[PDB]
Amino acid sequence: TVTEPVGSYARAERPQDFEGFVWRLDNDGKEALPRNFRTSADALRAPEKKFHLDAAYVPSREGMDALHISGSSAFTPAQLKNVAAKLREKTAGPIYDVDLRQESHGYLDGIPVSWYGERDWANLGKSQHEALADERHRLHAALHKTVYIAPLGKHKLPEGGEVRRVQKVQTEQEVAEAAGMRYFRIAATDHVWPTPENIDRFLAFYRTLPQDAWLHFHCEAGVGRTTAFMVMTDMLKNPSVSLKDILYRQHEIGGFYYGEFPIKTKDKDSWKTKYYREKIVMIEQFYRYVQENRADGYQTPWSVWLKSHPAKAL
């Protein structure tokens, strides 16, 4: 009897130790676009040094022009509009805003905020149904009430900010639709590998897409969740390209590197170590899943294949 298999490490943490306590400012709106905006039509750049990769290696670009995917971090309503217009110049198919955030978020007087708990784990352990209902209630309850909105400083605690009585409340779904994009939510936890549930939901969604759909993924700040799904899509659609090529190319357009590398962390972030290792193992397992189920149309869901082919720690 193993209590939590590789791939499900985060199930051992206690949700009650990370409840939300403040409305975090997700973007201050000074720039025209969200941070980390990147496309599969982009030129590859030099790898980041911390990953210790071969800068002379030239990754295969086979399948990229036809991939049609992009990524970024959180945005204001006007920033989303700029992303949607930019993506329209590249395609005539439907454009999707794929919201990968498990944490409750929305817009207060047009300001993008999220209910933030330590490690950004305020909805840890909740089903997607429970996570979205917490979100709808918190947002509605803010209307006509005084609130404190603030950016996180060091030690990940509030620093400065503003206080206003709220006169308008909006959902991410409402904001995407107003920008001309279709909406699809996948409640993935910040900092850890997506659950078998998050992935089964993404696979079913993928199988039903029109051949010219363009997928725009987004997380809160950084590139963690967004690169995981961008890598999975590249593999699913281009099963003939090697693991090394897929990993190098998703990193060189501006994403994270999901292959092996020398993991190092500050003392305050040592809790992240085991999660970085689990990710490396799990993306290799997914590539094994794609290669082995490619023949059919992936008749076997990921969760089922996984329970009969468990991964082992690094």
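Note that residue numbering follows the sequence shown and begins at 1.
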| property | result |
| --- | --- |
| Mean C-alpha temperature factor, higher of 263-271 and 244-252 | 263-271 |
| Comparing 23-31 with 285-293, the one whose average Cα B-factor in the PDB entry is higher | 285-293 |
| Within-chain third of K90 by Cα B-factor, per the entry | highest |
| Record-listed C-alpha B factor of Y298: chain third | highest |
| Ranked C-alpha temperature factor of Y9 among modelled chain residues, by third | middle |
| Third of the chain, ranked by Cα B-factor, where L209 sits | highest |
| Lowest, middle or highest third - CA B-factor, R138 | middle |
